[PDB]
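Data block below; observations after.
No Cβ is skipped: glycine too gets one built from the backbone with ideal geometry, and neighbour counts run over all protein chains shown. Each value in this text was obtained by applying a stated rule to the coordinates, not by laboratory testing.
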């Protein structure tokens, strides 16, 4: 008598099923005088073999396929040993006897016809164990229900999980790896290691001891081309220096001690750490791959519900992920393996002119000889360059007056537009220890030259900012920087911005910039300046409400 | 024994059924495909022999050609032919028994790094937290330290 | 060596233990008597013999 439609169904009745008559077949332990007894087992071999009970229509292959498609794949998980243990202390007057029995997960392939279950096939998958204890005295009579079980029972809560059978990211163009958090579990208990029911006064523990080091990562790419499985692994190794993907030697173990008044049920799941390898281009993601690196488990502690309160036939949730860990998101830029990385082997002293040697965008690695503010303009500022800082560089191999290539590919974007037609130059504070990359975009026949120059004073005020040389003063649109970042416009009066939300206008004296105004809110401003018929306007973004920023400049 | 036939020379290297492995301990590497448990197929000429040999040696029955099994088309044809031959052998009972014996007759492994096969050492890991009785350092898990130590 | 030492060891996976069990279930005299004359008769394959 069911309330479903006609057809076949796959049902999971949950974990915590104890078989009949198989109670004391494993043995028991007797402890006394305050001694502590620990009984455990290791689900690895010959005790992780499922028990099939097939009906004529549902054979073993049908059962296995239609159960492993929707629910946890026990075939793959049976090769990895999993340990469980129960410990109990006897009273320091009496004796305690406690015995262990395996628990199972029950799966039913059923056939509903006219709201009636007319045919059933049952699979018992070996889950963790369960220990029953009693404090006894010599000659005491113990109820026969303690030793012997006549019918299969669900010690845990019943379930009938069934299924019918048929914002604005102010990034720059490039590759990013995003650590999206830890503690991801698949739906429908597809990653559940298992459940332990700890009785009052006892303690339970579930351990993955890494006896077999293999792990199963999960991959999902939006394009097999480019973002492949090996490509994503290489980018993860470039970003977070991840070395082991399908291997791990980190044991983990969850221990729960139930109180002296009630019982506890603890469920252990395998977890994952989510990595997203986006390909942010022009304000939108053009390629995205999701990598789930096997993490170190999750433990959920619960109490048994009311006895047989209500067993509700609930459908399975859609295939997905649930994050039980803390909310995290870390973005790390990665050098595109596409481009070549030229190196400047000599530390830039006070002035340098790197002569650019194909026509493809590339990287130039360099370090300065003294921490200071540098201008990195190009030949006539025709190519707009970008600058990145190598994360973690400068805390290792060091050679005075030379570039020690620490082969770091995890770059942090500093400043620079991606527009290939805008004329601009960078003004950046560079540390002596750290190493910096300069991305030159797609070049053309002009040789061009990147000019580094020590800027002491004057232009040393637009630090970590790109200044675009507007030579047509009308509005200009650029890649808006993030909050608390800087942009600048140099032009030969109404000044404001369209979408985004400080500001400062300096007059240049050929530079010797002198401030004329400050704290100018450019968000839909309507004030006037009436400057004398060359000035530089520096804007700091306080609220990134759009990918681009528009510089409305009206005479 | 089921000979896996869903393989091709263009199959991606999944490190589970299609691999690239080093030839003994030389500088050569080669591509191998798993068609059965512990049975692999490498659709290319043997690395050890010199594909070009002096005419002086050239043993009788000496069809010699250095351009055989060079293109990927010939390699895929060779792999398919070997899979078909293995399926032909596996069809009957004598061939199935022979292939199962080949797949189960693993070379005898060496013992632990100290010699012997009897039993490994023991590790005590995962001490329970303290309580009213406290010092539960001994209440923990027991682990075979080298697992599959052979 | 297998029967006294390996068979009984609880710290070795079944992937090697069971394969070694079936490896030694065959007597060495069986391998010596395994020739092409058996498979030629069991497959009806004609081949040179002398």
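Using the Cα gyration tensor of the range A:492-553, with a ≥ b ≥ c the square roots of its eigenvalues, what is the shape: rounded (a/c below 1.5), prolate (a/b larger than b/c) or oblate (neither)? Taking the square roots of the gyration eigenvalues as a ≥ b ≥ c, the range A:492-553 is prolate. Antiparallel as a % of all DSSP beta bridges within the range A:428-532, to the nearest 5? In the range A:428-532, DSSP labels about 35 percent of beta bridges as antiparallel.
When the label point is put 7 Å from the Cα of residue A:516 along its Cα-to-beta-carbon vector, which residues of the range A:530-548 have a backbone N closer than 19 Å? Within reach of a label on residue A:516: A:530-540. Which whole number gives the average, over all residues in A:374-381, of C-beta atoms from other chains lying within 10 Å of the residue C-beta? Rounded to a whole number, the mean comes out at 0. Distance between the modelled labels on residue A:355 and residue A:75, one decimal in nanometres: 6.5 nm (7 Å Cα→Cβ projection). Compute the separation of the alpha-carbon centres of the range A:145-176 and the range A:325-398 and state it in Å as a whole number. Between the Cα centre of the range A:145-176 and that of the range A:325-398, the gap is 48 Å. The residue B:21 and residue A:397 beta-carbon pair, evaluated with R₀ = 22 Å, returns a calculated FRET efficiency of approximately 0.05. Judged by the gyration tensor of its Cα atoms, with axes a ≥ b ≥ c, the range A:91-197 is oblate; a/c meets the 1.5 cut and b/c is at least as large as a/b. Determine the shape class of the range A:231-322: with a ≥ b ≥ c the square roots of the Cα gyration tensor eigenvalues, call it rounded for a/c under 1.5, and otherwise prolate if a/b is greater than b/c, oblate otherwise. Taking the square roots of the gyration eigenvalues as a ≥ b ≥ c, the range A:231-322 is oblate. Between residue A:304 and residue A:143, the FRET efficiency estimated from the beta carbon spacing at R0 = 25 angstrom works out to 0.75.
Each DSSP beta bridge with both residues in the protein assembly as shown is either parallel or antiparallel, and the antiparallel ones are about 95%.
Place a point 7 Å from the Cα of residue A:508 along the Cα-to-Cβ direction; which residues of the range A:452-491 have their backbone N under 14 Å from it? Correct set: A:458-462, A:466-473, A:488-491. Measuring max minus min along each principal axis, the C-alpha atoms of the protein assembly as shown give extents of 107, 90, 63 Å (largest first).
Note on residue A:246 and residue A:113: the model spin-label points, each 7 Å out from Cα along the C-beta direction, lie 4.6 nm apart.
Cβ crowding within 10 Å ranks B:110, A:107 as B:110, A:107, fewest other Cβ atoms first.
With R₀ fixed at 60 Å, the C-beta to C-beta distance from residue C:22 to residue A:33 puts the FRET efficiency at about 0.80.
Taken over the Cα atoms of the range B:1-125, the convex hull encloses 231 Å³ per residue.
Each residue, residue B:123 and residue C:35, gets one label point 7 Å from its Cα in the Cβ direction; the gap between the two is 5.3 nm.
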